[PDB]
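A.B. asks: One structure follows; several queries about it will come next.
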Amino acid sequence: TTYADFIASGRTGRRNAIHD
Amino acid sequence: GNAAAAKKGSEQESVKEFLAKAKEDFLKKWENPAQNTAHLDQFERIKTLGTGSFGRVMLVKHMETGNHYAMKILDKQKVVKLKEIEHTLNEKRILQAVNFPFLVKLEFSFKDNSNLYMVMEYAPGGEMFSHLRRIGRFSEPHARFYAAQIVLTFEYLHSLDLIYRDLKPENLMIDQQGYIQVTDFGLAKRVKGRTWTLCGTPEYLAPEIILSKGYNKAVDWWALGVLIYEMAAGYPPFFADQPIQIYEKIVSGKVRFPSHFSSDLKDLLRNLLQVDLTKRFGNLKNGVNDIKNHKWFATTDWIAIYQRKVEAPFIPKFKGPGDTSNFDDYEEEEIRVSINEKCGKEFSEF
């Protein structure tokens, strides 16, 4: 499931912005 | 019916007058910014509530009144070093000039030899991010309550020629009543016409940013779509472990919706998440009103949202002033203030 894939990803913590 | 058309008629006239008044207020403060309205030794620093590239936000107590505030501290030397002076000057200048129910409230700002300081009202409910990840996803009524506040805030910012560029649950604070305060104005800018800086959070970047196109405030409406999707789904519409993979998904023109999304939600999102600028809600000739009149928002009393008379579908709990149970724990660091002024000319307007 998409939820399982999200939770297993490296993208569930606080996300940093880029500025460069 | 006919009552609804009359109601809509007079509320729009009332928003136009509100907005023209709000632009006069803003422009006065924007053109002559407030400076140096406090000092560091007047606050007990209690707890780090968040960090960022050049500093942190702390719960502090103003020793003379006993009031709690959130104080952002940025290290001037880190800013210059990473070449981000303009963005940090933008943030303060904008914050000192705006006034709206769903924005953080800058009470004081000042600087010393080493750092810049912005003291803002403390919002004890924590970041939406924390509740969203813990709970998993928000119901559509919960997500809509929050989305409605964003829509009005963007209508307000945009009418002031401000572009925000960093919407995400991490950047939305929850107050005592369960209402939002938009924070993190680090990437916000006052611009008429096009801008070009490649900035934002990967998952929330509009395709025209990724495509090095030149862009405008329509990027904020795209971001709203991403936000609404993430609130209602528990995950964003475009994600992957490498940013390039996220960008390819964003620009593909393809989005899939969870089966539990209402037809009305899916329709709102297909129109917000439009790669074609000339087709994206928020950016057509009726502008924001295409969003405000979409069926997903049928139950939304826009004026009652503005006036904060709607019952929040969810409210974080808190036990007395200065409680931080709605915040994560961060490593603490003592604030060293140098004997020599650093970066004085660079930050002289601050």
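Every chain in the structure tokens takes a letter, A first, then B, and so on in the order presented; its residues are numbered from 1, and the ligands are numbered from 1 following the presented order.
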Do a neighbour search on residue A:6 at 8 Å with only C-alpha atoms, toss out local chain neighbours closer than 4 positions, and write the hits as a list in words.

C.D. replies: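 Contacts, in chain order: residues 2, 11 and 12 of chain A; 235 and 239 of chain B.
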
A.B. asks: Give the residues of chain A that lie within 6 Å of chain B; count only C-alpha atoms, and format the answer as a PyMOL selection string.

C.D. replies: chain A and resi 10+17-19

A.B. asks: For the residues selected in the previous step, produce a file with N, CA and C atoms as a short mmCIF file (atom, residue, chain, number, x, y, z; two decimals), in the first residue's frame.

C.D. replies:
data_model
loop_
_atom_site.label_atom_id
_atom_site.label_comp_id
_atom_site.auth_asym_id
_atom_site.auth_seq_id
_atom_site.Cartn_x
_atom_site.Cartn_y
_atom_site.Cartn_z
N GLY A 10 12.32 7.27 3.58
CA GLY A 10 13.13 8.21 4.35
C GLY A 10 12.52 9.60 4.45
N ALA A 17 13.79 22.44 3.63
CA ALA A 17 13.68 23.14 2.37
C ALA A 17 15.02 23.11 1.66
N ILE A 18 14.97 23.23 0.34
CA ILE A 18 16.13 23.63 -0.41
C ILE A 18 16.07 25.16 -0.65
N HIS A 19 17.23 25.76 -0.87
CA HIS A 19 17.28 27.17 -1.29
C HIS A 19 18.34 27.49 -2.36
#

A.B. asks: From the DSSP assignment of the backbone, select every residue of chain A that is helix (DSSP H, G or I), and format the answer as a PyMOL selection string.

C.D. replies: chain A and resi 2-7

A.B. asks: Would you kindly return, as number ranges by chain, each protein, DNA or RNA residue with an atom no farther than 10 Å from any atom of stretch 118-122 of chain B, considering only C-alpha atoms and excluding same-chain residues fewer than 5 positions away?

C.D. replies: B: 37-38, 43, 57-60, 62, 67-74, 91-92, 95-96, 104-111, 173-176, 181, 183, 321-322

A.B. asks: Selection from above, N, CA, C and O atoms, as a compact mmCIF listing (two decimals), in the first residue's frame, can you write it?

C.D. replies:
# COMPACT_ATOMS: atom_id res chain seq x y z
N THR B 37 13.11 46.40 19.42
CA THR B 37 12.05 46.58 20.41
C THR B 37 12.17 45.67 21.65
O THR B 37 11.23 45.60 22.45
N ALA B 38 13.31 44.98 21.81
CA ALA B 38 13.61 44.23 23.04
C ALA B 38 15.11 43.88 23.19
O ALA B 38 15.95 44.37 22.39
N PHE B 43 14.64 37.73 28.95
CA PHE B 43 13.93 36.46 28.74
C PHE B 43 14.69 35.31 29.36
O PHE B 43 15.87 35.18 29.14
N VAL B 57 14.06 27.73 17.43
CA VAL B 57 12.97 28.39 18.12
C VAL B 57 12.89 27.82 19.54
O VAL B 57 12.85 26.59 19.73
N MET B 58 12.87 28.72 20.52
CA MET B 58 12.77 28.35 21.94
C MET B 58 11.52 28.93 22.60
O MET B 58 11.08 30.05 22.31
N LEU B 59 10.92 28.15 23.49
CA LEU B 59 9.97 28.71 24.44
C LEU B 59 10.81 29.58 25.36
O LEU B 59 11.84 29.12 25.85
N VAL B 60 10.38 30.80 25.59
CA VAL B 60 11.07 31.68 26.52
C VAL B 60 10.02 32.32 27.41
O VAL B 60 8.84 32.31 27.06
N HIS B 62 9.31 36.06 29.26
CA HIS B 62 9.63 37.48 29.41
C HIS B 62 9.57 37.76 30.91
O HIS B 62 8.50 37.77 31.48
N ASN B 67 5.03 36.53 30.73
CA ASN B 67 4.42 35.94 29.53
C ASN B 67 5.35 34.95 28.86
O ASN B 67 6.57 35.10 28.87
N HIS B 68 4.77 33.93 28.26
CA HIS B 68 5.53 32.98 27.45
C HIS B 68 5.47 33.41 25.99
O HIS B 68 4.45 33.94 25.53
N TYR B 69 6.61 33.26 25.33
CA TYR B 69 6.76 33.52 23.92
C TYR B 69 7.62 32.42 23.27
O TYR B 69 8.27 31.63 23.94
N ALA B 70 7.56 32.37 21.95
CA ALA B 70 8.47 31.60 21.13
C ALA B 70 9.46 32.58 20.53
O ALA B 70 9.05 33.50 19.83
N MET B 71 10.75 32.35 20.78
CA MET B 71 11.83 33.20 20.31
C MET B 71 12.65 32.44 19.26
O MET B 71 13.23 31.41 19.57
N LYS B 72 12.72 32.96 18.05
CA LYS B 72 13.61 32.42 17.02
C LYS B 72 14.99 33.06 17.13
O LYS B 72 15.10 34.26 17.17
N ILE B 73 16.05 32.27 17.17
CA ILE B 73 17.41 32.79 17.26
C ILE B 73 18.18 32.34 16.06
O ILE B 73 18.31 31.15 15.86
N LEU B 74 18.70 33.27 15.27
CA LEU B 74 19.53 32.94 14.11
C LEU B 74 20.97 33.47 14.27
O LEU B 74 21.18 34.57 14.75
N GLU B 91 12.11 37.74 5.82
CA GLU B 91 11.29 37.07 6.83
C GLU B 91 10.93 38.08 7.88
O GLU B 91 9.76 38.30 8.15
N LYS B 92 11.92 38.73 8.48
CA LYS B 92 11.63 39.72 9.51
C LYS B 92 10.80 40.92 9.00
O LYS B 92 9.78 41.30 9.61
N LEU B 95 7.18 39.74 8.56
CA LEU B 95 6.52 39.39 9.81
C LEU B 95 6.14 40.63 10.65
O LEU B 95 5.09 40.65 11.28
N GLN B 96 6.97 41.67 10.60
CA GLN B 96 6.75 42.87 11.38
C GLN B 96 5.63 43.70 10.77
O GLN B 96 5.05 44.56 11.44
N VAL B 104 1.55 33.70 12.42
CA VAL B 104 2.28 33.96 13.66
C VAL B 104 2.36 35.49 13.90
O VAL B 104 2.34 36.30 12.97
N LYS B 105 2.53 35.85 15.15
CA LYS B 105 2.44 37.22 15.63
C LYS B 105 3.79 37.59 16.14
O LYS B 105 4.21 37.10 17.19
N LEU B 106 4.46 38.49 15.44
CA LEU B 106 5.75 39.01 15.89
C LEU B 106 5.47 40.11 16.91
O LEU B 106 4.79 41.09 16.60
N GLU B 107 5.93 39.92 18.13
CA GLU B 107 5.77 40.92 19.17
C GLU B 107 7.02 41.80 19.25
O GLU B 107 6.89 43.00 19.31
N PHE B 108 8.22 41.20 19.23
CA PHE B 108 9.49 41.93 19.35
C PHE B 108 10.54 41.38 18.38
O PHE B 108 10.47 40.21 17.99
N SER B 109 11.50 42.21 17.99
CA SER B 109 12.72 41.73 17.34
C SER B 109 13.93 42.57 17.73
O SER B 109 13.80 43.74 18.02
N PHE B 110 15.11 41.96 17.72
CA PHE B 110 16.33 42.66 18.03
C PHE B 110 17.51 41.80 17.61
O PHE B 110 17.37 40.67 17.11
N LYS B 111 18.69 42.38 17.76
CA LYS B 111 19.91 41.72 17.37
C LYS B 111 20.98 42.12 18.36
O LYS B 111 20.84 43.11 19.07
N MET B 173 1.49 25.95 12.86
CA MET B 173 1.37 25.79 14.31
C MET B 173 -0.10 25.74 14.70
O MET B 173 -0.93 26.29 14.02
N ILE B 174 -0.42 25.06 15.79
CA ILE B 174 -1.79 24.95 16.26
C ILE B 174 -1.88 25.75 17.53
O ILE B 174 -1.04 25.59 18.41
N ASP B 175 -2.85 26.64 17.63
CA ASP B 175 -2.99 27.42 18.84
C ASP B 175 -3.93 26.72 19.84
O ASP B 175 -4.36 25.56 19.63
N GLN B 176 -4.19 27.40 20.95
CA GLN B 176 -4.96 26.84 22.04
C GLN B 176 -6.35 26.42 21.62
O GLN B 176 -6.85 25.40 22.08
N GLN B 181 -1.60 28.85 12.89
CA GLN B 181 -0.76 30.01 12.66
C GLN B 181 0.34 29.59 11.70
O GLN B 181 1.14 28.71 12.02
N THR B 183 3.77 29.74 10.17
CA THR B 183 5.09 30.22 10.51
C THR B 183 6.06 30.03 9.34
O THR B 183 5.63 29.87 8.19
N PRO B 321 0.22 27.43 31.45
CA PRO B 321 1.11 28.20 30.58
C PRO B 321 2.47 27.54 30.56
O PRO B 321 2.87 26.94 31.58
N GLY B 322 3.15 27.62 29.43
CA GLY B 322 4.51 27.13 29.32
C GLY B 322 4.66 25.62 29.24
O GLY B 322 5.78 25.11 29.33

A.B. asks: Distance atom CA of residue B:152-atom CA of residue B:14, one decimal place?

C.D. replies: 13.7 Å

A.B. asks: My list of candidates is B:51, B:299, B:35, B:153. Which is closest to residue A:14 when distances are computed with only C-alpha atoms?

C.D. replies: B:51

A.B. asks: Do you know which residues are at most 12 Å from residue B:289 counting only C-alpha atoms, after dropping those on the same chain fewer than 4 positions away, and could you put them as a ChimeraX atom specification?

C.D. replies: /B:8,11-12,15,151-152,155,281-285,293-295,297,302

A.B. asks: So the first atom is atom CA of residue B:220 and the second is atom CA of residue B:254; what is the distance between them in Å, to one decimal place?

C.D. replies: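 Atom CA of residue B:254 lies 18.9 Å from atom CA of residue B:220.
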
A.B. asks: Closest to residue A:13 among B:276, B:116, B:249, B:328, using only C-alpha atoms?

C.D. replies: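 Distance minimum relative to residue A:13 lands on B:328.
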
A.B. asks: From stretch 90-256 of chain B, collect each residue whose DSSP state is strand (DSSP E or B) and return the set as a PyMOL selection string.

C.D. replies: chain B and resi 103+106-111+115-121+127+162-163+172-174+180-182+189-190+195+200+215

A.B. asks: Just to be explicit: take each residue in the selection above, keep N, CA and C atoms, and write the result as a JSON list (two decimals), in the first residue's frame.

C.D. replies:
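As a result, again09.json now contains:
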[["chain", "number", "residue", "atom", "x", "y", "z"],
["B", 103, "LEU", "N", -1.71, 33.88, 10.99],
["B", 103, "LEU", "CA", -0.28, 34.11, 10.88],
["B", 103, "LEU", "C", 0.30, 34.15, 12.25],
["B", 106, "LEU", "N", 4.46, 38.49, 15.44],
["B", 106, "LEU", "CA", 5.75, 39.01, 15.89],
["B", 106, "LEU", "C", 5.47, 40.11, 16.91],
["B", 107, "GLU", "N", 5.93, 39.92, 18.13],
["B", 107, "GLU", "CA", 5.77, 40.92, 19.17],
["B", 107, "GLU", "C", 7.02, 41.80, 19.25],
["B", 108, "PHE", "N", 8.22, 41.20, 19.23],
["B", 108, "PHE", "CA", 9.49, 41.93, 19.35],
["B", 108, "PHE", "C", 10.54, 41.38, 18.38],
["B", 109, "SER", "N", 11.50, 42.21, 17.99],
["B", 109, "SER", "CA", 12.72, 41.73, 17.34],
["B", 109, "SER", "C", 13.93, 42.57, 17.73],
["B", 110, "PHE", "N", 15.11, 41.96, 17.72],
["B", 110, "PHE", "CA", 16.33, 42.66, 18.03],
["B", 110, "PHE", "C", 17.51, 41.80, 17.61],
["B", 111, "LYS", "N", 18.69, 42.38, 17.76],
["B", 111, "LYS", "CA", 19.91, 41.72, 17.37],
["B", 111, "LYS", "C", 20.98, 42.12, 18.36],
["B", 115, "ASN", "N", 23.75, 37.32, 17.03],
["B", 115, "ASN", "CA", 22.49, 36.73, 16.57],
["B", 115, "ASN", "C", 21.36, 37.73, 16.27],
["B", 116, "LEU", "N", 20.37, 37.23, 15.53],
["B", 116, "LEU", "CA", 19.12, 37.92, 15.27],
["B", 116, "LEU", "C", 18.06, 37.21, 16.10],
["B", 117, "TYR", "N", 17.07, 37.96, 16.59],
["B", 117, "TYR", "CA", 16.02, 37.44, 17.46],
["B", 117, "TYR", "C", 14.65, 37.94, 17.04],
["B", 118, "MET", "N", 13.71, 37.01, 16.95],
["B", 118, "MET", "CA", 12.33, 37.35, 16.71],
["B", 118, "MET", "C", 11.48, 36.66, 17.76],
["B", 119, "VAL", "N", 10.77, 37.45, 18.54],
["B", 119, "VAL", "CA", 9.93, 36.96, 19.64],
["B", 119, "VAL", "C", 8.47, 37.02, 19.23],
["B", 120, "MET", "N", 7.83, 35.86, 19.20],
["B", 120, "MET", "CA", 6.50, 35.74, 18.65],
["B", 120, "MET", "C", 5.58, 35.08, 19.68],
["B", 121, "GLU", "N", 4.27, 35.22, 19.49],
["B", 121, "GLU", "CA", 3.33, 34.58, 20.38],
["B", 121, "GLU", "C", 3.57, 33.08, 20.34],
["B", 127, "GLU", "N", 3.19, 21.68, 16.13],
["B", 127, "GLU", "CA", 3.06, 21.61, 14.66],
["B", 127, "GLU", "C", 1.99, 20.60, 14.24],
["B", 162, "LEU", "N", 2.82, 39.27, -1.63],
["B", 162, "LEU", "CA", 3.71, 38.33, -0.97],
["B", 162, "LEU", "C", 3.53, 36.94, -1.54],
["B", 163, "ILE", "N", 4.63, 36.24, -1.75],
["B", 163, "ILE", "CA", 4.60, 34.84, -2.11],
["B", 163, "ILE", "C", 5.19, 34.06, -0.93],
["B", 172, "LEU", "N", 2.95, 24.85, 10.11],
["B", 172, "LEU", "CA", 1.63, 25.27, 10.54],
["B", 172, "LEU", "C", 1.53, 24.91, 12.02],
["B", 173, "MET", "N", 1.49, 25.95, 12.86],
["B", 173, "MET", "CA", 1.37, 25.79, 14.31],
["B", 173, "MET", "C", -0.10, 25.74, 14.70],
["B", 174, "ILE", "N", -0.42, 25.06, 15.79],
["B", 174, "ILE", "CA", -1.79, 24.95, 16.26],
["B", 174, "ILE", "C", -1.88, 25.75, 17.53],
["B", 180, "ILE", "N", -4.92, 27.52, 13.16],
["B", 180, "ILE", "CA", -3.56, 27.50, 12.62],
["B", 180, "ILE", "C", -2.92, 28.86, 12.74],
["B", 181, "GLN", "N", -1.60, 28.85, 12.89],
["B", 181, "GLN", "CA", -0.76, 30.01, 12.66],
["B", 181, "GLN", "C", 0.34, 29.59, 11.70],
["B", 182, "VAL", "N", 0.37, 30.19, 10.54],
["B", 182, "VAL", "CA", 1.43, 29.93, 9.57],
["B", 182, "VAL", "C", 2.72, 30.55, 10.09],
["B", 189, "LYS", "N", 8.50, 36.30, 0.09],
["B", 189, "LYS", "CA", 9.09, 37.43, -0.64],
["B", 189, "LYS", "C", 7.97, 38.33, -1.08],
["B", 190, "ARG", "N", 8.19, 39.64, -1.08],
["B", 190, "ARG", "CA", 7.29, 40.56, -1.75],
["B", 190, "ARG", "C", 7.80, 40.78, -3.19],
["B", 195, "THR", "N", 9.41, 35.55, -10.28],
["B", 195, "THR", "CA", 10.61, 35.28, -9.48],
["B", 195, "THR", "C", 11.24, 33.96, -9.90],
["B", 200, "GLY", "N", 12.08, 25.83, -1.72],
["B", 200, "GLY", "CA", 10.88, 25.15, -1.27],
["B", 200, "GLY", "C", 11.21, 23.77, -0.77],
["B", 215, "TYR", "N", 8.33, 32.05, -12.15],
["B", 215, "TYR", "CA", 7.05, 31.65, -11.57],
["B", 215, "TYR", "C", 6.43, 32.72, -10.74]]

A.B. asks: What's the 7 Å shell around residue B:272, counting only C-alpha atoms, without same-chain residues fewer than 5 positions away, as number ranges by chain?

C.D. replies: B: 221-222, 225, 280-281

A.B. asks: Deliver the residues from the most recent selection as a file, using C-alpha atoms, as an mmCIF file, in the first residue's frame.

C.D. replies:
data_model
loop_
_atom_site.group_PDB
_atom_site.id
_atom_site.type_symbol
_atom_site.label_atom_id
_atom_site.label_comp_id
_atom_site.auth_asym_id
_atom_site.auth_seq_id
_atom_site.Cartn_x
_atom_site.Cartn_y
_atom_site.Cartn_z
ATOM 1 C CA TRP B 221 -2.111 27.195 -4.764
ATOM 2 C CA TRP B 222 -0.330 24.126 -6.060
ATOM 3 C CA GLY B 225 -3.301 20.992 -3.135
ATOM 4 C CA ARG B 280 -4.875 25.800 -12.050
ATOM 5 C CA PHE B 281 -7.475 26.933 -9.491
#
